[PDB]
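Notes follow the structure.
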Ligand SMILES: Nc1ncnc2c1ncn2[C@@H]1O[C@H](COP(=O)(O)O)[C@@H](O)[C@H]1O
């Protein structure tokens, strides 16, 4: 237990001067015609690259991936265009090699300005990175154990120190996540930040801990929900999910609202464990309902008691429930939010999800530690442009999830302390 955090990071890594550092970063960026159209992921690693740079480092070899070429070189997923971006961000020349491992790679690296930055090609072009892959005719194909081993040592031969700045992909145990067997393994500033806020919230958080979950499906969250019930104090279940709970628990006339057949079967277990673990469940007691799934459709409000008429569905929290939010949230000390409270992507049904954000942002300033990790949830924080108003918005893909699901994250375990 308590594996998260308490690891090793760039910060406080003595003897970096004149050393060759290998950095695993997240460069999976959206691109159109060799034109990167969102350089945040690139700018984000600058702090790490900069620090290493002004510390000595004979070389700065960067390795990463983009897309899912599946083990075969696919020109639609080459990191070349990213190397160009870095030239302008660093203000100096950057070396691009169309390879990750090999003799030439090692040679070309050593033959490059003394404080140069070098960026190899997509690691995912080697089936040995993920382990499996597919072929030309699109058929599943598995790597060769000897090959994977060869690939992992070839990477380990690239440098002396290894810094991993790629959270969000640490839940998978790929060659670049657990293969670089070097002695010094530390987190990048990005990584370090993530590992910091999560443990600060899953290991020993300032109570009460609030978990805000949301989303249509309840069936694909059983694991998440349970693993949390035994560590949180309050929990708000919203968005679609609520309907399934409200029918199983209160015999509410859900109308046409979304109903999760599979999940309807785990509602008993949850409510039970929740009571056993002494966790308070908070569910909407009124909802805005539409006579058709689409923004701008006749809409009215009803209570859970009144119930939703036939051929009518609910699409957002009613005002009584959105007022009921203030107390639960503003009184929390730490908050893990994952899930919009309604169909936010449609203006008319985003009030419940927008008002929650303000309350989350506001409790942050009141001093509470707030973490978001949804992505679909973040996309809301992003559209609102409030990333900074929140303690930490995890840029973690599936990774964030599994850690909130209780899973282990190889990528992290393979780090020093
Ligand atoms: N009441 C609702 N009805 C339909 N979709 C919803 C509702 N509340 C939220 N959603 C969105 O529908 C999607 C359901 O996916 P998931 O959360 O993965 O089950 C998420 O991207 C939610 O933002």
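For residue 238, indicate whether it is within 12 Å of the ligand (Cβ to nearest atom) and in contact with a strand residue (DSSP E or B) (Cβ under 7 Å, 6 or more places away or on another chain). Please lay out each step first, then the result.
Working: within 12 Å of the ligand (Cβ to nearest atom): yes; in contact with a strand residue (DSSP E or B) (Cβ under 7 Å, 6 or more places away or on another chain): yes.
Considered against the rule, which asks whether it is within 12 Å of the ligand (Cβ to nearest atom) and in contact with a strand residue (DSSP E or B) (Cβ under 7 Å, 6 or more places away or on another chain), residue 238 comes out as yes.
Would you check which residues across the stretch 369-389 are over 13 Å from residue 340 (Cα atoms) and surrounded by 20 or more Cβ atoms within 10 Å (Cβ to Cβ) and list them?
369, 370, 371, listed by residue number.
Quickly run through the stretch 241-263 and pick out the residues that are crowded, with 17+ Cβ neighbours inside 10 Å, more than 11 Å from the ligand (Cβ to nearest atom) and assigned to a helix (DSSP H, G or I).
Hits for the stretch 241-263 are 245, 246, 247, 248.
Where in the stretch 301-417 are there strands (runs of 3 or more DSSP E), lying wholly inside it, with at least 1 residues that are away from the ligand (no atom under 14 Å from the Cβ) and within 24 Å of residue 189 (Cβ to Cβ)? Quick ask: steps written out before the conclusion?
Details: elements: 313-317, 334-338, 369-372.
Result: 334-338, 369-372.
Quick one: would you say residue 218 is in contact with a helix residue (DSSP H, G or I) (Cβ under 6 Å, 6 or more places away or on another chain) and surrounded by 21 or more Cβ atoms within 10 Å (Cβ to Cβ)?
Numbers: in contact with a helix residue (DSSP H, G or I) (Cβ under 6 Å, 6 or more places away or on another chain): yes; surrounded by 21 or more Cβ atoms within 10 Å (Cβ to Cβ): yes.
Judged against the criteria, residue 218 is a match.
Which of the helices (runs of 4 or more DSSP H) contained wholly in the stretch 132-235 include at least 1 residues that are more than 23 Å from residue 119 (Cβ to Cβ), in the same structural domain as residue 267 (by CATH) and within 16 Å of the ligand (Cβ to nearest atom)?
Numbers: elements: 145-156, 189-202, 222-229.
Output list reads 222-229.
Taking the stretch 298-337 as the region of interest, how many residues are more than 13 Å from residue 283 (Cα to Cα) and touching a residue at least 60 places away in the same chain (Cβ under 8 Å)?
Number satisfying all stated conditions: 9.
Just to check your reading of the model, which residue among 48, 39 is closer than 21 Å to residue 194 by Cβ and buried (at least 19 other Cβ atoms within 10 Å of the Cβ)? Full working, then the answer.
On the way: 39 fails: buried (at least 19 other Cβ atoms within 10 Å of the Cβ).
Only one candidate passes the filter, namely 48.
One line per residue, one yes/no per condition, for (1) buried (at least 20 other Cβ atoms within 10 Å of the Cβ); (2) over 20 Å from the mean Cα position of the chain (by Cα):
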position	(1), (2)
155	yes, yes
167	yes, no
178	no, no
183	no, yes
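So which of 79, 8, 46 ends up being under 30 Å from residue 201 (Cα atoms) and in contact with a strand residue (DSSP E or B) (Cβ under 7 Å, 6 or more places away or on another chain)? Walk me through it before giving the result.
Values: 79 fails: under 30 Å from residue 201 (Cα atoms); 46 fails: in contact with a strand residue (DSSP E or B) (Cβ under 7 Å, 6 or more places away or on another chain).
So the residue among 79, 8, 46 that is under 30 Å from residue 201 (Cα atoms) and in contact with a strand residue (DSSP E or B) (Cβ under 7 Å, 6 or more places away or on another chain) is 8.
In this analysis, Cβ positions are derived from the backbone assuming ideal geometry, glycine residues included, and neighbour counts consider all displayed protein chains. All of this is worked out from the model, or read from it or from the source named; no laboratory instrument gave them.
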